[PDB]
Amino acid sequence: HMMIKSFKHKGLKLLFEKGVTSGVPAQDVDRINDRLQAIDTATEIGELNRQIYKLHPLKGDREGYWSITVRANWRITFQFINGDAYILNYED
């Protein structure tokens, strides 16, 4: 499959699955949806390495997780394995 498999963030889940926007900032709806489309489409992590995304692996206790920037301090974080993305969260 190689797709998004699970969401930690309920807002992301609602947007992704039903197009319901109440769980994310209104002005970020398309920006977040585009990034979700990217994460869902990528088959390997390198495909997410766009400058605007500021792709980097997290360290310490969240070793194994990755982060992409949505806007400013806000980011989407996830585990990425075999093209599958797990525990999508929207944070910071």
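Don't overthink the numbering: it's just position in the shown sequence, from 1.
- Omission of residue 46 is seen in none of the other entries compared for this protein where the adjacent residues are built, far below a third.
- Coordinates for residue 30 are present in every one of the other compared entries of this protein that model residues on both sides of it, well short of the third needed to count it as often missing.
- When 64 to 72 is weighed against 5 to 13, 64 to 72 comes out higher, by mean CA B-factor as recorded in the entry.
- Taking the PDB entry as given, 55 to 63 carries the higher mean Cα B factor of the two stretches 42 to 50 and 55 to 63.
- In this PDB entry, residue 26 carries a Cα temperature factor that places it within the highest third of its chain's modelled residues.
- In the PDB entry, a CA B factor belonging to the middle third of its chain's modelled residues is recorded for residue 79.
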